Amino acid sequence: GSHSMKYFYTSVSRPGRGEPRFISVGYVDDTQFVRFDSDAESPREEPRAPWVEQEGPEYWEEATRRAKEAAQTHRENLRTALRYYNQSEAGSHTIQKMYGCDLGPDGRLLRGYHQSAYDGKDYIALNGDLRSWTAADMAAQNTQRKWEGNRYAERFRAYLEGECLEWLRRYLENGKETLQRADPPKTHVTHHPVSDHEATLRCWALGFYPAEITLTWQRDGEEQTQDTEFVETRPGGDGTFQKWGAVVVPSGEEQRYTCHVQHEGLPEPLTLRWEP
């Protein structure tokens, strides 16, 4: 597959209840491997995949140190945002940050990320050249100017091209037995009458990994979008994913419909029909 490390931070201010809560989650591809939560009982970077659990005390000490540092920065950012947006210290606000690195086929950085949101909206994002920023508004333009003056794209690009990819390769090597897998979906078609004249055909894909999948319905070989419903891809609970797509069909016409499934764990796209 094509591999990726990504962290997702959320800070949420809560005046009247102490410092903002900070939550960080780390992923290799679609596998969460670490977490930091400032509201955990002994806040530290905690393992969430067995393979990383074997990293020695240095890993946990430094990771915790950096997570706490990230937490503090987000506390400063929350305060700063109150200034930029003319807001009260007494209201609750949210910062979300995602950053990470995609490992290319040549072992080089294919694509890097560093993007944030304030109260659910774009704030500032690093462009794909990893050398420029997109600010969503006039408040974020303050940050842009700052980061342009302090050479932050350059510093963060060095991490993305160097250390980020080094960690990703280590993790991939260490947790190889479980991370470098492509589990194909278990697939099937079910049938559920709506009335005596209409029925729902539902095409299921279960137990697949990674989360990327394509599921479509055809009628007489034509892509159907009318009377169609595709649910958001959803976790199994066990590190797998699921999705379904349904079509509402006239009774008697069921056998004119095929479901089509594409996934990296499949040697060739699947074609399914209702097999009662």
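Quick note: we count residues from 1 along the sequence shown, nothing fancier.
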Looking only at C-alpha temperature factors in the entry, 103-111 or 151-159, the higher average sits in 103-111
Out of 24-32 and 226-234, which one has CA B-factors that are higher on average in the deposited record?
-> 226-234
In this PDB entry, which of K176, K97, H93, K146 has the top CA B-factor?
-> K176
Top Cα B factor in the deposited entry, candidates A63, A211, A246, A49 | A49
Sorting the chain's modelled residues by C-alpha B-factor, tell me whether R181 ends up in the lowest, middle or highest third.
-> highest
By the entry's values, the third containing the CA B factor of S13 is the middle
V194 - which third its CA temperature factor falls in, relative to the rest of the chain = highest
Can you work out whether the C-alpha temperature factor of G56 puts it in the lowest, middle or highest third of the chain?
-> highest
Rank-wise, by C-alpha B-factor, drop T187 into the lowest, middle or highest third of its chain.
-> highest
